[PDB]
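Here is what each chain is made of, one letter per residue.
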Amino acid sequence: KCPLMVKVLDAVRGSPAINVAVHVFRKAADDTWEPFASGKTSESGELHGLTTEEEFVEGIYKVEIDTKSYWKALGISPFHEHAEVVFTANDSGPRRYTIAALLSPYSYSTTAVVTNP
Amino acid sequence: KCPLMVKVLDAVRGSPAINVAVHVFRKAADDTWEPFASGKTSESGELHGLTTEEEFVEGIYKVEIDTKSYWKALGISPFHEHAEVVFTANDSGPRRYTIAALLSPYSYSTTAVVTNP
Amino acid sequence: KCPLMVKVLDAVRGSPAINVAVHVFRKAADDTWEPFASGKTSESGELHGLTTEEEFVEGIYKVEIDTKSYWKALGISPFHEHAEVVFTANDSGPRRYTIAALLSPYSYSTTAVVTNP
Amino acid sequence: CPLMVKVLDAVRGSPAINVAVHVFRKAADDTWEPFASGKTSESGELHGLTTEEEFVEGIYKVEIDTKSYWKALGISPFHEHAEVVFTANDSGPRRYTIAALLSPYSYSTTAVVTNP
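All residue numbers given refer to positions from 1 along each chain's written sequence rather than to the entry's numbering, and residues for which no coordinates exist are omitted. Each chain is given a letter, starting from A, and each ligand a number, starting from 1, according to the order in which they appear as written. Excluded from the side-chain calculations are hydrogens and water; all other atoms, namely the structure's heavy atoms, are used. Residues with missing side-chain atoms are left out of burial classes, side-chain pairs and their counts.

Per the deposited record, determination of this structure is attributed to cryo-EM, with the resolution reported as 3.4 Å.

Structural data, given as structure tokens:
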């Protein structure tokens, strides 16, 4: 439904992650990660308000999820400082990309779903 | 080592799991599951010496990994009863199958990597 | 929402799985897997309507996903014959369990999300 | 090698081959200093890319080049690379094992930490 939907689940409490910071960047022509969007992970573990179709142009994007502090909040010292997903968007036309994240104290995984209208 | 290798990793502790029971079944001609091998997971989180080339035949197999006993010992109530992998094996000739399982209190993942002799 | 939702994603094409048979069983008192529900994975990759709060009694369950046929249709030789998830349920309250499966030709992962309505 | 990168393929069910690995360092000026590089062997594992003389406390980063891999095999992938950012040797040396399960449109990561 959305051109970019990133959401986070927890593998310890079996619940979507709560209060996890998200930062989105884009690769500029000079290879600089200019900020592109930001937000906070909702109680449902999903992030929205990132972008619309009009400003989502072809190029290289990067999604960053702040996992390091989230585990300190719950009293566990984690491994990763954050999680980063880098992908090409709208290479051959408008698509719909879904990004998933299954965190853990010392692990995570990422998947992608492309609607290809 | 063994024709069938099972590697079990813990996510929250970032270690291979220890004291994890493993049971192996082989499907008979009567469509019933019978014991074929069993054992406990070592400190390295791997299973070795389960079967042999003579014992390995072309049929349907099943690998069972006990997780609830593993998590209860550590003071966390898990979700899954156990982890089980069912697959066809050796139908196309002698190959090698190694099965990896990454555990969590509320999740697990299975992957099979096949190498020719 | 339904007390037990199971959904399947395909990694290879980055889309939800299509035409993947789902069978749900419940552990009877005689350690027999009597059928409980069944269905087919929708074009959106999600399966719902398996059970209600009253039917979903406390006990041990098993969710079976037919993956061997799924790859054979699309021209890929599978590894796994099927995927199965076994867990305890309704320890105290319905809890609206959620089961998620991510498919690859030679790998698959499952996660569980537990709430308290 | 304190750091090990172990990569598999979920489509062919084999360790990934001919994929490049790069390691960086977090400088005090927030720059990424290259630290080591290589190409994955037939076993999908890497070793000899770090040493206790070079492996020091701070913030590291591991990048696994996967975009070219699927093009070589005739598949259009999704990601460009996998990045694993973490701290290292906060208190005492230890062995870090960083796995990665690759597939088109999907990948995973798990870190295994050993006391010595």
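1. Considerations on the interface of chain B and chain C
Counting from both sides, the interface comprises 19 residues of chain B and, opposite them, 21 residues of chain C. Secondary-structure elements contributing two or more residues to the side of chain B that touches chain C are strand 6 (80-89) and strand 8 (107-115) of chain B. A run of H or I in DSSP counts as a helix once it spans at least four residues, and a run of E counts as a strand once it spans at least two, with each numbered from the N terminus. A per-element tally of the side of chain B that touches chain C places strand 6 of chain B first, with eight residues. Residue type decides the class: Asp, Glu, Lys and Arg count as charged, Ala, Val, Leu, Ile, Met, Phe, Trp, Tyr, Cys and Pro as nonpolar, and the leftover types, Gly among them, as polar. The residue makeup of the side of chain B that touches chain C, split by class, is nine nonpolar, seven polar and three charged. By the convention used here, residues are in contact when the closest approach between their heavy atoms is within 4.5 Å.

2. Notes on the sheet that holds strand 7 (residues 97-103) of chain A
Pairing is mixed across the open sheet formed by seven strands, whose spatial order is 4(A)-1(A)-7(A)-8(A)-7(D)-6(D)-1(D). Because the sheet does not close on itself, it has two edges, and the strands there are strand 4 (46-47) of chain A together with strand 1 (3-9) of chain D. Strands pair, by our definition, only if DSSP identifies at least two bridges between them. Note: strand 6 (residues 95-103) of chain D against strand 7 (residues 106-114) of chain D, nine bridges, orientation antiparallel. Across the sheet, D:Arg95 pairs through a bridge with D:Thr114, a residue of strand 7 of chain D.

3. So, the pairing of strand 6 (residues 59-65) of chain C
Residues and elements named next belong to chain C. Here strand 3 (residues 21-27) runs beside strand 6; their pairing, made up of five bridges, is antiparallel. If you follow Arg-26 over to strand 6, its bridge partner there is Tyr-61. Taken together, the seven bridges between strand 6 and strand 7 (residues 80-89) define a ladder with antiparallel strand orientation. In the strand pairing of strand 7, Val-63 is matched with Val-85.

4. A short note on the environment of B:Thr111
Positionally, B:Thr111 belongs in strand 8. Residues B:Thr111 and B:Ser77, 34 residues apart in the sequence, show an inter-C-alpha distance of 25 Å. When residues no more than four places from it in sequence are discounted, the contact partners of B:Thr111 are B:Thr98, B:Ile99, B:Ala100, C:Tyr106, C:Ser107 and D:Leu101.

5. Looking at the packing of aromatic side chains
Pairing of aromatic rings covers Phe, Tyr and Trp, the last counted by its six-membered ring, and requires centre-to-centre distances within 6.5 Å; plane angles under 30 degrees mean stacked, over 60 mean edge-to-face, and any other angle means tilted. Geometrically, the ring pair formed by B:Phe79 and B:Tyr106 is stacked, given 6.1 Å between the ring centres and 25 degrees between the ring planes. Taken together, the residues B:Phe79 in the loop between helix 1 (68-73) and strand 6 and B:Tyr106 in the loop between strand 7 (96-104) and strand 8 connect sequence positions 27 residues apart. Here the aromatic rings of D:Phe55 and D:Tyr96 are separated by 6.0 Å at their centres, their planes lie at 75 degrees, and the arrangement is edge-to-face. With D:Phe55 in the loop between strand 3 (32-39) and strand 4 (58-65) and D:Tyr96 in strand 6, the pair connects residues that are 41 residues apart, well separated along the chain.

6. Some details on the interface of chain D and chain B
A common measure of how large an interface is: the accessible area buried when the components associate. If you look at the interface, chain D gives eight residues, while chain B gives eight residues. Ranked by the residues each element gives to the side of chain D that touches chain B, the list is headed by strand 7 of chain D, at four residues. Of the residues belonging to the side of chain D that touches chain B, the class tally is five nonpolar, three polar and no charged.

7. Focus: the UniProt feature "binding site: L-thyroxine" in chain A
On the UniProt side, "binding site: L-thyroxine" is annotated at positions that read A:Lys7, A:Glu46 and A:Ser109 here. Looking at the secondary structure, you find A:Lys7 in strand 1 (residues 4-10). Along the polypeptide, A:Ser109 turns up in strand 8 (residues 107-114). Excluding residues that lie within four positions of it along the chain, A:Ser109 makes contacts with A:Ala100, A:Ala101, A:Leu102, D:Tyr107 and D:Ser108. UniProt positions are given in the numbering used here, feature names are shortened, and annotations may be inferred rather than shown by experiment.

8. A short note on the UniProt feature "binding site: L-thyroxine" in chain D
Residues and elements named next belong to chain D. Here, UniProt's "binding site: L-thyroxine" annotation points to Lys-6, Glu-45 and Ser-108. Note that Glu-45 resides in the loop between strand 3 and strand 4. Within the secondary structure, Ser-108 sits in strand 7.

9. Structural notes on the sheet that holds strand 6 of chain B
On the basis of which strands lie adjacent, the open sheet formed by eight strands has the order 3(B)-2(B)-5(B)-6(B)-7(C)-6(C)-3(C)-4(C) and antiparallel pairing. Strands with a single pairing partner mark the edges of an open sheet, and in this sheet they are strand 3 (33-40) of chain B together with strand 4 (33-40) of chain C. On average, each strand axis in the sheet is inclined to that of its neighbour by 20 degrees, with strand direction left out of account. An axis is simply a line fitted to the C-alpha atoms; with a helix, the fit covers only the stretch in contact. Between two such axes, the angle follows the N-to-C directions and lies from 0 to 180 degrees.

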